[PDB]
Structures are given as structure tokens and as C-alpha cells.
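Structure first, then comments.
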Amino acid sequence: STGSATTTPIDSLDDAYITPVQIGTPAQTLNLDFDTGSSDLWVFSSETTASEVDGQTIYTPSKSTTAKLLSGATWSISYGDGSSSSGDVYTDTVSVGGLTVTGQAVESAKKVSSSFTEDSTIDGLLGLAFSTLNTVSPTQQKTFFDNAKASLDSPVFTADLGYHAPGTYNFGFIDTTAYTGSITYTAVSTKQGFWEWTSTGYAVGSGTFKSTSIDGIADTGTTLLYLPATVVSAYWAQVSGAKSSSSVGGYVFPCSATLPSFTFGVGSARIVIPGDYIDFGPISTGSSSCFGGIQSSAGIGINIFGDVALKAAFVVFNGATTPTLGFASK
């Protein structure tokens, strides 16, 4: 089997991407944030504290003939941005782009933090990291991908995120029309539960490539590119007037700037992030200070190849017995 679903930016900055997902019988379609940096499939629901729901579409398990309470199971998750959610668990039929999993754990939110409430466009998350990170207790649950894997034509999924445009998540096949050149594969460590890999270096603009190992995670659920302070300083030093602002919470730059590209290494291959992808616009409405899309990972504890990086590539998440990651230009 295979699946193919379009993923759409939630706003004009590509802050996140939503993908329609069918849950239950008859289908209830919710728009979920596919997150390769976490491993819970959770939704706004009929159980979510009413004051914490503001425009989201909810899953109502009592209206699904295939929903079953997973008795005694609870979940609770905290994300890197400080947001959180928790609740109980149902199993139900879940379909993505025509690919169906029966008995998928669907984590129903009883509580969500303010950042989730305030984002009316995101009805929940669909985790695509390794199932060892799943938070369900006392019986840990599998991700949608883990459950689907045995049925797939090939044990893979691909992320093809757009810059200010829709893109695609495919399951079970590699669309050879969706990228240019060849795919370069690189080793993955699953020790922390992430799609963790080592970039071979970077360049700023038309500058020389610096060969240096940068361990980080491929994380579709993080907006920006978070890299070591040395790398980030070297980038922003090429932008007149750019500075790190503790008051704003990162590097800012004059909105009048033209940003240089940023290149990262995948083995001997190179992925180029155009400068425009690094512009996250005014820090506040009408400001002439703009927020940068490359930020320091110092104090996160991990480097993160978020959407800024991933949307410059066609990315293969290879879930074979020995997982690997592939990157191609597009």
C-alpha cells in the first residue's frame, strides 16, 4: 500500500504545515501537524476543556462506530517550545492520503496549553519520530508510520515541504518526479528517539564550505533552523545590521536586507537554503526589524533541522531495519 497527502502552510510565514487526516467511521477529517520530532498522534476532541478550544475541528469518539476507549491509558507531552497537552486514549481507524491503519492510538486531549488554543488552524499533531518517544502510559503506543510500515510497498515516508506553497507527504514510495539529481542517504541514530543525523558542514552565501560535523535532528514540527552559535554567528555576520536580541529572543535583522543563502552538507552533497527562506518577517506588526530563520541551538541541547532547512529539500525518512535519511535538491 501507499498514501499521498498534500500539506499546506498555516500562514504566510510557513510557521507550520497542516495535512488532512481521516479519523473514525464515518470519517472525521482533522488537519494535523505532521511532526517528525515527536511520536504522539493527539487531537482536539469532545473531551478537550471547552475554554481551551477556539476554532479547531474536534474528534468526537462517541460518533465513531470504530472508536474504542483504550482503558486506563493516559498521555502527557511537553514540546521544545514549552507547549503541552494531555488526556486519554482511543483506538480508531486513521487514514492519511488513502493509506489506512486500523487500531491506531488516537490520543484525545483533555487539556492543551495556550499556544495550541491560540492556533485555530491546527487540530492536533501526528508524530513521526520513533515510537520509543510515545508518551502513552502504562502501555506505550506506536506511531501511524510504525503501524503502517509492514503494509507499505517500501518502509519509507517522504517530506516535500513548500516555501510559501503546498507540498506533499508520501508513505510507502519515493516519487522520482519530485526531486532533481540523486538522493544522498546518511546514517541515523535512533538513540534519542529522533531522526538524528550528522551534517558534514556548511557555507554562507557564496562563501567557502566549512567541513565540520553537525549532529542534529530532522524535525518537521519545528519552524526554524537551530544550529551551533559559531555557525549562526558566521551567518548573521554577513547581514548588515543583524544582531542577537535578548529582548526579542534571537537574531533579528533589518527588514531592508537581502539575506544570503545557507548551504548544509549531506555527505558529499549540498542542500542550498535560499536567503528568502530565512526571512520570518517583522518581529511585531509594522516593525522594520525582522526575525531570522537561522537561530542558535545553544541551551536547547540539540541542533534542529526544522522546516527552514527541510523545505529546501526532498527528504526521505527510511524506516528500514537500519533507518537512514535521504536528501535531494528539488
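Simple scheme: letters A, B, ... for chains in C-alpha cells order, numbers from 1 for residues in each chain, numbers from 1 for ligands in the order shown.
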DSSP on the backbone, then: every residue of region 47-239 of chain A marked strand (DSSP E or B), written as an MDAnalysis selection string.
chainID A and resid 59 68:78 84:96 99:112 124:127 137 156:160 167:171 184:187 189 196:204 210:218 225:227
May I have a table of the residues of region 70-162 of chain A lying at most 7 Å from region 188-202 of chain A, giving each one's closest pair of atoms and their distance in Å to one decimal, counting only C-alpha atoms, ordered by chain and ascending residue number, as JSON lines?
```
{"residue": "A:129", "atom": "CA", "partner": "A:194", "partner_atom": "CA", "distance": 5.4}
{"residue": "A:130", "atom": "CA", "partner": "A:193", "partner_atom": "CA", "distance": 5.1}
{"residue": "A:132", "atom": "CA", "partner": "A:193", "partner_atom": "CA", "distance": 6.0}
{"residue": "A:133", "atom": "CA", "partner": "A:193", "partner_atom": "CA", "distance": 5.8}
```
Mind dumping the selected residues with C-alpha atoms as a PDB file, in the first residue's frame?
```pdb
ATOM      1  CA  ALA A 129       9.633  10.123  15.215  1.00  0.00           C
ATOM      2  CA  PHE A 130      10.423   6.700  16.699  1.00  0.00           C
ATOM      3  CA  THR A 132      10.148   4.856  21.800  1.00  0.00           C
ATOM      4  CA  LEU A 133       9.227   8.533  22.416  1.00  0.00           C
TER       5      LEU A 133
END
```
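Considering only C-alpha atoms, the residue among A:20, A:281, A:274, A:207 positioned nearest to residue 57 (chain A) is A:20.
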Within 8 Å of region 295-312 of chain A, counting only C-alpha atoms, which residues show up once you throw out same-chain ones fewer than 2 positions away? Write them as a PyMOL selection string, please.
chain A and resi 16+80+159-163+214-229+232+250-251+271-274+277-278+292-293+314-315+329-330
Report as a PyMOL selection string all protein, DNA and RNA residues lying within 12 Å of residue 54 (chain A), evaluated on only C-alpha atoms, omitting residues in the same chain fewer than 4 positions from it.
chain A and resi 44-45+48-50+58+112-123
The selected residues should be written to file as a compact mmCIF listing (two decimals), in the first residue's frame (atoms: C-alpha atoms).
```txt
# COMPACT_ATOMS: atom_id res chain seq x y z
CA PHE A 44 -8.55 18.29 19.90
CA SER A 45 -11.68 16.41 20.89
CA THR A 48 -11.00 19.00 25.45
CA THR A 49 -11.67 21.62 28.14
CA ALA A 50 -14.13 23.95 26.40
CA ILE A 58 -12.63 18.28 17.14
CA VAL A 112 -3.90 21.86 25.84
CA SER A 113 -1.62 24.81 26.50
CA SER A 114 -2.30 28.32 25.28
CA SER A 115 -0.17 28.10 22.14
CA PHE A 116 -2.38 25.27 20.87
CA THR A 117 -5.64 27.04 21.76
CA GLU A 118 -4.44 30.18 20.01
CA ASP A 119 -3.71 28.33 16.78
CA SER A 120 -7.13 27.69 15.28
CA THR A 121 -5.65 26.04 12.18
CA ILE A 122 -4.02 23.05 13.92
CA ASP A 123 -6.41 20.34 15.13
```
I need the helix (DSSP H, G or I) residues of region 257-329 of chain A per DSSP on the backbone, written as a list in words.
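Residues meeting the helix (DSSP H, G or I) criterion: residues 275, 276, 277, 278, 307, 308, 309 and 310 of chain A.
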So which residues touch residue 320 (chain A) within 10 Å, counting only C-alpha atoms, skipping near sequence neighbours fewer than 4 positions away, as a PyMOL selection string?
chain A and resi 149+154-156+324
Could you tell me how far CA of residue 259 (chain A) sits from CA of residue 239 (chain A), in Å to one decimal place?
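Separation of CA of residue 239 (chain A) and CA of residue 259 (chain A): 6.6 Å.
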What separation in Å, quoted to one decimal, exists between CA of residue 76 (chain A) and CA of residue 64 (chain A)?
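Between CA of residue 76 (chain A) and CA of residue 64 (chain A) the gap is 23.6 Å.
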Counting only C-alpha atoms, which of A:291, A:75, A:185, A:179 gets nearest to residue 248 (chain A)?
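Among the listed residues, the smallest separation from residue 248 (chain A) belongs to A:291.
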Would you list the contacts of region 107-109 of chain A as a PyMOL selection string, taking every protein, DNA or RNA residue within 8 Å and counting only C-alpha atoms, but skipping same-chain residues closer than 2 positions in sequence?
chain A and resi 40-45+47-48+59+75+85-90+105+111-112
If I take CA of residue 99 (chain A) and CA of residue 182 (chain A), how far is one from the other in Å, to one decimal?
26.7 Å
Please list as a list in words every residue within 8 Å of residue 8 (chain A), counting only C-alpha atoms and excluding residues in the same chain fewer than 5 positions away.
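Answer for this query is residues 17, 18, 19, 162, 165, 166 and 167 of chain A.
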Those residues with C-alpha atoms, as a JSON list (two decimals), in the first residue's frame please?
```json
[["chain", "number", "residue", "atom", "x", "y", "z"],
["A", 17, "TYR", "CA", 2.10, 22.83, 7.90],
["A", 18, "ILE", "CA", -1.22, 21.01, 8.17],
["A", 19, "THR", "CA", -2.24, 17.78, 6.48],
["A", 162, "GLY", "CA", 6.82, 24.00, 0.10],
["A", 165, "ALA", "CA", 3.20, 26.88, -1.06],
["A", 166, "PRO", "CA", 1.67, 23.44, -0.53],
["A", 167, "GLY", "CA", 3.79, 20.31, -0.56]]
```
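Nearest residue to residue 145 (chain A), choosing from A:258, A:212, A:39, A:46 and counting only C-alpha atoms: A:39.
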